[PDB]
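Asks: The structure under discussion is supplied below as structure tokens; questions concerning it will follow.
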Amino acid sequence: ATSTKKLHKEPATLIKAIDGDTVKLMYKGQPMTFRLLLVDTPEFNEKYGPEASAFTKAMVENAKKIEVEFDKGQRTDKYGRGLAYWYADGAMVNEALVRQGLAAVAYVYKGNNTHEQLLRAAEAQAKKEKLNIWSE
Ligand SMILES: Cc1cn([C@H]2C[C@H](OP(=O)(O)O)[C@@H](COP(=O)(O)O)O2)c(=O)[nH]c1=O
Ligand SMILES: [Ca+2]
């Protein structure tokens, strides 16, 4: 089975920050746009959008080391974007954004949701504290 298999972190280098949930990284020596697994962030024209983008930008740009961790299902979406959990010096970007109430758990599929419970826990706490998107 694959449900109990482990995930592995891989090195990547920041090329440029994009927005709340996408980033341009050099992976295996090639440029790629990565999308955060299991989340949905407000866009630039939406409330908390500029905040989410700023949060992710700072987290990735100030990271000494960036790593990507693909899940066990789809590694690239229909738009050619890499689907992964990103880590900035050991801290998961997907989790951090949700914990601050700057993103919501979304796009949770099959065997591509290894960190679902972890993220839902962060969302519950962000909602309890009425942080950002949960203050409405
Ligand atoms: C996060 C994620 C997004 N996507 C696709 C679905 C959405 O396209 P459709 O709307 O055409 O189906 C789009 C959402 O991305 P954004 O939220 O960046 O716009 O990315 C996946 O296919 N798998 C994923 O795991
Ligand atoms: Ca989004």
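To match Swiss-Prot, the residue numbers of chain A are left as they are there, and the shown ones run 83-127, 134-224.
So this one's X-ray crystallography, 1.9 Å, going by the header.
Even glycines carry a Cβ here, placed using N, Cα and C.
So Swiss-Prot lists the following for this protein:
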- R117: active site (ACT_SITE)
- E125: active site (ACT_SITE)
- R169: active site (ACT_SITE)
- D103, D122, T123: Ca(2+) binding site (BINDING)
Asks: Hey, what's the Cβ neighbour count for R117 (active site) at 10 Å?
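Replies: Total other Cβ atoms inside 10 Å, all chains included: 18.
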Asks: Between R117 (active site) and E125 (active site), how far is it from one CA atom to the other, in Å?
Replies: 14
Asks: What does DSSP call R169 (active site) in the simple three-state scheme?
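Replies: Once the DSSP labels are grouped into three classes, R169 (active site) ends up as coil.
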Asks: Just counting, how many other CB atoms are there within 10 A of the CB of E125 (active site)?
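Replies: For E125 (active site), the 10 Å Cβ neighbour count is 14.
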Asks: If you run the three-state DSSP split on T123 (Ca(2+) binding site), which class comes out?
Replies: coil
Asks: Just counting, how many other CB atoms are there within 10 A of the CB of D103 (Ca(2+) binding site)?
Replies: 25
